[PDB]
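Here's the structure, in structure tokens; my notes come after.
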Amino acid sequence: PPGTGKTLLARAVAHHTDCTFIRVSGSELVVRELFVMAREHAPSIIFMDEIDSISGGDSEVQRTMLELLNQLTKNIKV
Amino acid sequence: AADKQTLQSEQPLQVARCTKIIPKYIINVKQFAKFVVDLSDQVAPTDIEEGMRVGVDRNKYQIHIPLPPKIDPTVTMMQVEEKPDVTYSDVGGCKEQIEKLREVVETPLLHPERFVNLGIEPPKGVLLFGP
Amino acid sequence: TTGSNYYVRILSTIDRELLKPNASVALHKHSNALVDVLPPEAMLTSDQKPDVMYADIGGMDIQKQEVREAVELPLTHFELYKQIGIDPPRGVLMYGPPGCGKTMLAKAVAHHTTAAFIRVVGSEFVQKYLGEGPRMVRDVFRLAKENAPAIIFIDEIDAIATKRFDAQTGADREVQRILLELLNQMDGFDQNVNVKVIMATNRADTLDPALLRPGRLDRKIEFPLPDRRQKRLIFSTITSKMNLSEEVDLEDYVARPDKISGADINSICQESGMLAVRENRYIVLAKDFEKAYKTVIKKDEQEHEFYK
Amino acid sequence: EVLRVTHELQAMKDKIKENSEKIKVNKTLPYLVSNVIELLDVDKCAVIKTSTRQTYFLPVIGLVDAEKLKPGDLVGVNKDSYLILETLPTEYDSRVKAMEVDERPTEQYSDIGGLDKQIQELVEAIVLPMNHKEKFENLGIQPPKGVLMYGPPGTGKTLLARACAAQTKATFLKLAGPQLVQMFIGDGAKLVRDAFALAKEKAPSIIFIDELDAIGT
Amino acid sequence: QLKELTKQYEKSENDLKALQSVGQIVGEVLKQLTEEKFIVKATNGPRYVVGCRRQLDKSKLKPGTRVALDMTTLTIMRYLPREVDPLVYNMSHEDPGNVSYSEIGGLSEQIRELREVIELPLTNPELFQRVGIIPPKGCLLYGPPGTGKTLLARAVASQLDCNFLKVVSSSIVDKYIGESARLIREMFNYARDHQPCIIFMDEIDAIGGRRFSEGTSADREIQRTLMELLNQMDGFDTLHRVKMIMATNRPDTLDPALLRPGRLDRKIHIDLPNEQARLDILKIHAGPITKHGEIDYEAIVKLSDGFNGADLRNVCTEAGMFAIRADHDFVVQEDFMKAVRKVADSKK
Amino acid sequence: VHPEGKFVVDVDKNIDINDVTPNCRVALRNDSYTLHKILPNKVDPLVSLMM
Amino acid sequence: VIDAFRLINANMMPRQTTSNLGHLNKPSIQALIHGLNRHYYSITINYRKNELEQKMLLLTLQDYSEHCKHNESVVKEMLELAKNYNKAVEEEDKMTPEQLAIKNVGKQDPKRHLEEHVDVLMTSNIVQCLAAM
Ligand SMILES: Nc1ncnc2c1ncn2[C@@H]1O[C@H](COP(=O)(O)OP(=O)(O)O)[C@@H](O)[C@H]1O
Ligand SMILES: Nc1ncnc2c1ncn2[C@@H]1O[C@H](COP(=O)(O)OP(=O)(O)O)[C@@H](O)[C@H]1O
Ligand SMILES: Nc1ncnc2c1ncn2[C@@H]1O[C@H](COP(=O)(O)OP(=O)(O)O)[C@@H](O)[C@H]1O
Ligand SMILES: Nc1ncnc2c1ncn2[C@@H]1O[C@H](COP(=O)(O)OP(=O)(O)O)[C@@H](O)[C@H]1O
Ligand SMILES: Nc1ncnc2c1ncn2[C@@H]1O[C@H](COP(=O)(O)OP(=O)(O)O)[C@@H](O)[C@H]1O
């Protein structure tokens, strides 16, 4: 449900591990370039957005980075 | 590999947009203050008109060279160049609708003597429908 | 201020004391060597200028005690929040459609501030000079900082903050750094001296989904386009500042509750008085009330029978 | 007093006019343009805005009066001393000055055929107020405004355009539809108002706007 | 040989003494009369610290004062008053054509109503707080086209005293960024200077809202211009002397924020001529043309409705056209009758 | 550089061009355009979209 | 800044000076200035004065509110500024490097403030008070 575990569980276990926590939620001001940053960080965690209510919103980028992530410099976790 | 002696007599030159002629005329550098200036020493007063662009120096801000217009993104379109190797003997299976296409596309050739002869202007457009 | 930042050397006579990371400091002509820090020269403190009371605001009670609660009370009683534990909310975001309680509540907040209620309309943050604006709005923020306690009021943000920008031609290459460093400026004041950034905008459907995030605003105040138990109070106030001859009725036109602001209550009541100026009358009796209301008492809608 | 005729004149021609006419030779070679924004009076003096996007105050100097100084014209200025030397008549781009067709008449009214009441109607509606307005004014009715020609796919629209503009004996401008819409906010708007400003300056002239479907959604 | 050269030559010695002058850059003093030195803001320029004239009137150098500065040495010179743009090509001139309410036909309710709401607070303001309410500010002249909108404000232009700021709303906007907001704050501050004033912004769909989501360059530049125009129609005062009125087609594309009573209170619906107003327009544009006597206006008005004032002067214009290619004396009844039945062909 | 973003410049003897890595802003081409030393790294890209 | 000059408009065609006078091989050596110094050639500016002119150019307040309300004031900033000096010596004792991050340009300035405060009263709460005696 909206609330109850989001943006906070994926935050907390990102930073017990001291990994990083990249959020690509929203595309306001600047895809594929973010992967380079994540690669540079070496280990990384990419987080997403959940909007339906409190057509192809962010499942497009979701897969867009699972296409690069499937064949893939390895410890990045969407 | 020895152009050292000639670089000082080159005068790097800023293109500006010419406009009206009173003589005097008004240039427009598109970053500077579109100001008034005459011709140098050798360029004709009938060589520079409105609309076109001329080069301005930066020392005493005056024109020496008239310059061609700008085509910035359509430079690559142009008329391709070289051109592929297939020809009329390749594209087969039609034999007549080439000849309709052929007589319109091929009148800067032989053909203008026929057309200034028996008073024809050739068609300009050709359209090519097909599945 | 001439465009870029660039490296310097600062002289020894100035102390390394007042050099805050937004301290306006002077440079030397033709050399650019730093010479002396300056008082915060920048926007106006708005000395006693706006005047509507918080008593003739009409109707608005819960929003009035929320804005009274989260703006001027943590400026006065700054330490009771440091005796219970809950922080003062940093910003105040006011989304009102189409606008009832925006700018008389942000106008009647400006009396009993005893605080530098600095105004700026959020539309001259863009300027013809390139790279000007971010320096301007950080001058606004520090101009509230050295005048604490202050209330920054910036209107209609969706002028400077939207969801959709454009990477190419730079009509908005600078407004994506109007919002960006202002978004960095508000995070630079978590040490909580006294600066509260209240802000209003007609619509917040496209504001930005990074303008809140518990730090830049922490709040949201809905303005209701009021109804039955409030509409009566609006009519009671606006009629209470007029001449009436009691042939009028109050709750008859509180009835038919259909889609009114407070602004069109001021329009039908103001229009009632002005329609009474026809016969050069110093009061209003029956028709100018009903008359103006019906004329522009919502100039109707478009029902639609069958369904309904 | 008979020595005072022209000998004291020529020392001021050489001094006053070698200096003053020297910077008045700088009316041409280094000379600059500007737009004055106001003209105020101090116990004249103007504020110009030179087109490097900056604006200077100056006491108004010679070769320009307080009458031939309208706030918002195109008046030039020196590039180092910044004093307004002489005026220039008002300007704009060549994208509007490209509409200056001179090679109009080769399609006369004999090449058009089968539309002769539209030729009578249009030619009556346009070039008859160009040669007979006063007789028209003796009836006391307003000159008719712009004529919209319209037809299915391709009849005689533009051929009546350069056929009417062929034998008009006026000036004429072949303004397209999509020349008026560009990427900037300012340009589309600036150039129609300066198009009608051109037509007012060079009036009497008629204007053909081809294909209004550009500005017709 | 001497008085001629003395007058029209020695008068032209002025070119050298005026040629000696140097010109002065302008700027705005961000106040802080740091006593001996002030901080001013140049126009396209940096803020910086400037010395002073040494016997200037420092006590009235208010924050936000146009001041002139030296170029080379850069000390502040003689001050300036607050500038004006070519708003001189706005206020000082418009379209007031000695047109009066005599040419306005058949809408005496709308023009008596607009005249009373717009200049009657400027005639007798004391009767309004007498009743107990401030006067309204704006009127929105929404209607089908033709119909006397732009003109109506022509008749208002040639019958009032204050500087009738008549502007087309699409000569406002310019290609530079943040420029239109400069122009509209310059306009309304100019209205603050000369009072009471009337600001006529017709056709306003250029600045007209129903604000978008996605065009992001050519529209958000104006949807922040409408923010400045909107937050100075509103302001923190009520502008207290100036009254703007706006006339447009398509009121159903305007912004709700700019329509909420307050920015525009008494929205006036100017309407097509019914029958009485039809014969009014027909008589007024049939006036200066020579006529008949017992020319049947009533069958012309009876004939086909749904016209406009522009369409009825189109009727008299086409009938005078019929005589001018037909070579008659004035018209006949069949020339009005042949005139309406070709205007009635002109549907959409 | 900040206002107008490009040039190719030199580096002084006491700079050891080997460590100066990309997106680590520091310059000194005072007039002739030649480097001197290094400065505060100035928070790389993501530091941005996080803060 | 005072300097006279010459007529070296022309005549590019003696004065041992002890080696060209010194301080005009140190002007503000700027090209338009030194290009002006081709014509200019400044030399010296001497100075005279007399002893007379030289020589020519060369109380209380006690508990009004004065003595109290500038030792009721400054000892309070000695209290909490000495608390921040406590925080300074506790803090910088360990994990301190690079000259205390460049002397805390930010949050200026602890400790020195105490020295200044100490200096202010001991020139006042003695001296004219001394003359009270
Ligand atoms: N189990 C929980 N423990 C702590 N906080 C929680 C919990 N569930 C919800 N929250 C609250 O939710 C907020 C975080 O938002 P989040 O849960 O990411 O939104 P969403 O519910 O949309 O995922 C925090 O302020 C937190 O207090
Ligand atoms: N008469 C023909 N002779 C040879 N090749 C042909 C002929 N007609 C079609 N083709 C083949 O069709 C291809 C041309 O594609 P094209 O017609 O351009 O497709 P499209 O019309 O979708 O662009 C070539 O590979 C060509 O060999
Ligand atoms: N709750 C209210 N009580 C009294 N007057 C109101 C109320 N809401 C609006 N008004 C009046 O109607 C007008 C419109 O105000 P509003 O649109 O809310 O301002 P803004 O759009 O700046 O928030 C104001 O001038 C105000 O006097
Ligand atoms: N009535 C006509 N008289 C002469 N030429 C005509 C006529 N109708 C069509 N044309 C021919 O059509 C061409 C012009 O087409 P036009 O009517 O201008 O198309 P559009 O109206 O879309 O511009 C000319 O080559 C012309 O010879
Ligand atoms: N009542 C009227 N009386 C006379 N002319 C009118 C009337 N209504 C409209 N018009 C015509 O409209 C023109 C003015 O333009 P207008 O109708 O305001 O269009 P817009 O509203 O687009 O400006 C006038 O030249 C006039 O002929």
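Taken together, the values in this text are just the output of simple stated rules run on the coordinates, not laboratory data. We place every Cβ from the backbone using ideal geometry, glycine too, and count neighbours over all the protein chains shown.
List of remarks:
- All Cα pairs of region E:46-112, percent lying beyond 15 Å: 71
- Here is the tail figure for chain B: Cα pairs spaced more than 21 Å apart come to 66 percent of all pairs.
- Environment charge of residue D:163, counting only residues whose C-beta is closer than 10 Å and scoring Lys/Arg +1, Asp/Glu -1: 0
- Using only Cα coordinates, the Kirkwood hydrodynamic radius of region E:138-238 works out to 14.9 Å.
- Shown for chain B: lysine pairs separated by 8 or more places, or found on different chains, whose C-alpha atoms are under 17 Å apart, numbering 7.
- GluC sites (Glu not before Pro) within region C:194-276: DSSP coil, no more than 16 neighbouring Cβ in 10 Å: C:246, C:247
- Region E:232-282: radius of gyration over Cα atoms, expressed as a fraction of 2.2 N^0.38 Å: 1.57
- Per residue, the Cα convex hull of chain E amounts to 270 Å³.
- Projected onto its three principal axes, the C-alpha set of the protein assembly as shown covers 121, 101, 97 Å, listed from the longest axis down.
- Loop-resident sites, region E:278-347, for GluC sites (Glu not before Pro), counting at most 12 other Cβ within 10 Å (DSSP): E:294
- Relative counts (whole %) of C-alpha pair distances in chain G, using bins that are 10 Å wide: 8, 20, 12, 12, 17, 20, 9, 2
- Exposure proxy shown here: for D:134, E:113, the number of other Cβ atoms within 10 Å sets the order, fewest to most, as D:134, E:113.
- Expressed to the nearest 5 percent, the antiparallel share of DSSP beta bridges inside the protein assembly as shown is 50 percent.
- Fewest-first ranking of C:92, E:49, using other Cβ atoms within 10 Å as the exposure measure: E:49, C:92
- Counting DSSP beta bridges with both ends in chain C, the antiparallel % (nearest 5): 10
- Simple spin-label estimate for residue B:65 and residue C:29 in nanometres, 7 Å along Cα-Cβ: 3.8
- Along each principal axis, taking the top coordinate minus the bottom one, the Cα set of chain D gives 82, 50, 35 Å in descending order.
- Within-12-Å neighbourhood charge of residue B:114 [Cβ basis; K, R +1; D, E -1]: -4
- Look at where the Cα atoms of region C:10-64 and of region C:191-242 average out, and the two centres are 26 Å apart.
- Whole-Å distance, taken between Cα centres, linking region E:282-327 and region C:108-143: 60
- Note on region E:80-146: Kirkwood radius taken over Cα pairs, Stokes-Einstein applied at 37 °C and 0.692 mPa s, translational D equal to 213 µm² s⁻¹.
- Within region C:133-265, the ratio Rg/Rh, alpha carbon atoms throughout and Rh by Kirkwood, equals 1.14.
- Part-to-part distance (alpha-carbon centres) for region E:210-237 and region E:134-184, which is given in Å: 17
- Long-range tail of P(r) for chain A (Cα pairs > 19 Å, %): 40
- Checking every one of the trypsin sites (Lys or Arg not before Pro) in chain F against DSSP loop status and a limit of 10 other Cβ atoms within 10 Å picks out F:6, F:42.
- Kirkwood hydrodynamic radius over Cα pairs of chain C, then Stokes diffusion coefficient at 37 °C and 0.692 mPa s, in µm²/s: 145
- Residue exposure proxy: E:346, D:205, ordered by other Cβ atoms within 10 angstrom of their Cβ from fewest to most, comes out as E:346, D:205.
- Taking chain G as the region of interest, the number of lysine pairs whose Cα atoms are within less than 21 Å, with members eight or more places apart or on different chains, is 14.
- Restraint check, D:97/D:133; D:17/E:11; D:49/E:17; C:298/E:267; D:22/E:7; D:97/D:190, Cα-Cα greater than 20 Å: D:97/D:133; D:49/E:17; D:22/E:7
- In terms of overall dimensions, the C-alpha atoms belonging to region E:226-348 reach 64, 30, 26 Å along their principal axes, ordered largest to smallest.
- Computed with the Debye formula from one identical point scatterer per Cα of region B:9-65, without solvent, the log10 of I(q)/I(0) at q = 0.24 Å⁻¹ comes to -0.95.
- Each distinct pair of alpha carbons in region F:1-42 adds a 1/r term; the inverse of their mean, the Kirkwood radius, is 11.0 Å.
- Remark: region F:1-42 carries a charge dipole of roughly 140 debye about the Cα centre, counting +1 on each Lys and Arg Cβ and -1 on each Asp and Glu Cβ.
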